[PDB]
Amino acid sequence: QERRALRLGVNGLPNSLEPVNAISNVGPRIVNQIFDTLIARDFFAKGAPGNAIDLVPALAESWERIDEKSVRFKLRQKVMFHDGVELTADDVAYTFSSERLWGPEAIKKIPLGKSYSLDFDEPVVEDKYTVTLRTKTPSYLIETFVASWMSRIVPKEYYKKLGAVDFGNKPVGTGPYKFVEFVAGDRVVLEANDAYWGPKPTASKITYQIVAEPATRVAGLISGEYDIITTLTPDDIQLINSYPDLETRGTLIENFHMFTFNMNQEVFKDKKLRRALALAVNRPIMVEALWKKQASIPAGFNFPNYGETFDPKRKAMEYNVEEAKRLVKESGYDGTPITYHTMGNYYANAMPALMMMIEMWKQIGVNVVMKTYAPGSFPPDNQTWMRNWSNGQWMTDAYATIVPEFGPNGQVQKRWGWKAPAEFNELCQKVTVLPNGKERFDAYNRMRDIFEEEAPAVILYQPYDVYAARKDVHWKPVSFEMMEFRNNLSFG
Ligand SMILES: C[C@H](OP(=O)(O)O[C@@H]1[C@@H](O)[C@H](O)[C@@H](CO)O[C@H]1O)C(O)O
Ligand code: NA
């Protein structure tokens, strides 16, 4: 009869379906279905196992870089939003506007819009199907930005009429799946958009059902309640793979798990204790015990997806228990227990990783205690000391995420109080405008050195993202924190 409905058991849900505000480990797998971008990354180009870097036309049928500051897009014609309104350059201009995204006025609507954006100038609408995106200063990052999760295309009139909050609860996009319902902290339901411009949706419906406990998620797959489950650990591989009708599907993703600090707190204003905690983390033993060797430990804030700004000659991050003990003493730390906030196992292995780290920190003379918090119940900033986090490396360049998250205009310095050395912020400003070359390459290596010296966050590893699925549900994971169903979902 009708197509099969897809049932997903997920680790968590975003609090909003507004595509920029949905940026997280849990939002993109949903908003990738509701929306489209001008340029799309094709993870399966030339038979790649879901990790190809190839950029292909999407809402823009073609594009041309004009100069060091601008890129002109030719829009695909007769593309319709879910409410029937035709996609125009007006919708694109609005998506990348000062008003909605990067200007001072957008900070209330999209709190991280300005900090995550390029140094944009107002878009230029040439005609109904022609729009130029430009920057005030040189930027060779326009293309990678436009293909990213910052750039899902929103409908101007409908978005303006509802406002960013109401739009977030009733999204309208051009994507293969349209909005049905959103029960905050419970479920999101989408249905097939059969008016879709690209590959027709193969599922009649998609339900993202929150299953916070991974053991309950695994039981749900074994019982036949879910078709695909997310955010498992390599420790679940043996059991699931013992069921002949189920299997695990995993891949290393372009993201790093970390722990970070509220540097507005007295104990973390200075770098000494941040550094002591960083120097005591035995990453290889965590990777062996919890990840069955599947996770990858980077040589600093440095990843292969950065391409020309990836440094393959970089030394491993320091591990020095004896130096850590000496820093604990010099910091003046008195033995008072320091809290570490985690949203249960929102991050695969969050609590087992923390338990191991608590033990490593006991050995250097620092008492760390776990504090759990329910989905969407993140405690006030001044109630937090240490906390876990992750960063999706969302550009084919080193700019992201060191500059958008840890730069002078970023939330780590502004909200979380990192007093970054003046040199670090000078380098951030330089890498933003410089073209690729020796000067830019060396500036990112100096920024990586300062990042390790300062420890505003401590990089753990790139997780091996593990899903489990029914063998009769054909779907391949991609090397990013999202799920792709276009030409990548079939049943039987
Ligand atoms: C607690 C959640 O954070 P999560 O680690 O899931 O997502 C990060 C995101 O915060 C960050 O802006 C981007 C780019 O650095 O990477 C995402 O992985 C929050 O965003 O809902
Ligand atoms: Na499809």
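Positions are given from 1, in the same order as the sequence printed here. We count ligands from 1, going down the list as the structure has it; atoms in each ligand are counted the same way. Quick note: numbers below take in every heavy atom, side chains included, and nothing from hydrogens, waters or symmetry partners.
The atoms of ligand 1 that sit less than 4.0 Å from any heavy atom of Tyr346 are 2 (C), 6 (O). Near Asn255, meaning under 4.0 Å from any of its heavy atoms, are these atoms of ligand 1: 18 (O). Using a 4.0 Å cut-off to heavy atoms of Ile23, the atoms of ligand 1 that qualify are 20 (O). Which parts of ligand 1 touch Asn25 is read off a 4.0 Å heavy-atom cut-off, strictly below it: atoms 4 (P), 5 (O), 6 (O), 7 (O), 18 (O).
Once rounded to the nearest 0.5 Å, the distance linking OH of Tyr467 with OG1 of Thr251 reads 9.0 Å.
Only side-chain heavy atoms of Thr401 come within less than 4.0 Å of ligand 1; its backbone N, CA, C and O stay farther off. The side chain of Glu481, and not its backbone, has at least one atom closer than 4.0 Å to an atom of ligand 1 (non-hydrogen atoms only; side chain from C-beta on). The part of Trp149 lying near ligand 1 is the side chain, judged by heavy-atom distances below 4.0 Å.
Counting heavy atoms only, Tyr116 comes closest to atom 12 (O) of ligand 1 of the residues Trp394, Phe256, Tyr116, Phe480.
Side-chain contact between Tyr208 and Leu190: present, with at least one pair of heavy atoms (C-beta onward) separated by less than 4.5 Å. Annotation: side chain of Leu87 is in contact with side chain of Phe81 (closest heavy-atom distance under 4.5 Å). For the pair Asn345 and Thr231, the minimum side-chain heavy-atom distance is 4.5 Å or more.
For atom 19 (C) of ligand 1, the nearest protein heavy atom (residue, atom name, distance) is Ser24 CB, 4.0 Å. The closest protein non-hydrogen atom to atom 9 (C) of ligand 1 is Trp389 NE1, 3.9 Å. Nearest non-hydrogen protein atom to atom 8 (C) of ligand 1 is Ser390 O, 3.4 Å. Counting protein heavy atoms only, atom 16 (O) of ligand 1 is closest to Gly392 N, 2.9 Å.
Considering both main-chain and side-chain atoms, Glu405 comes within under 3.5 Å of ligand 1 through a nitrogen or oxygen pair. Looking at ligand 1, you won't find any N or O of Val26 less than 3.5 Å from one of its N or O atoms.
Look at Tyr347 and you'll find a heavy atom under 4.0 Å from some atom of ligand 1.
Side-chain N or O atoms of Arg283 include one that pairs as donor or acceptor with a backbone N or O of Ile459 at under 3.5 Å. Proximity of a side-chain donor or acceptor of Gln33 to a complementary backbone N or O of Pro176 within less than 3.5 Å is not detected. Put simply, the side chain of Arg152 never gets that close to the backbone of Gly173: no donor and acceptor are under 3.5 Å apart.
Exactly one of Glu484, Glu143, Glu254 qualifies for a salt bridge (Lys or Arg N to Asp or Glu O under 4.0 Å) with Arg41. That residue is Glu254.
Aromatic ring orientation, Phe268 versus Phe261: tilted (interplanar angle from 30° to 60°).
Salt-bridge check for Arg446 with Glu423: passed, with a basic side-chain N closer than 4.0 Å to an acidic carboxylate O.
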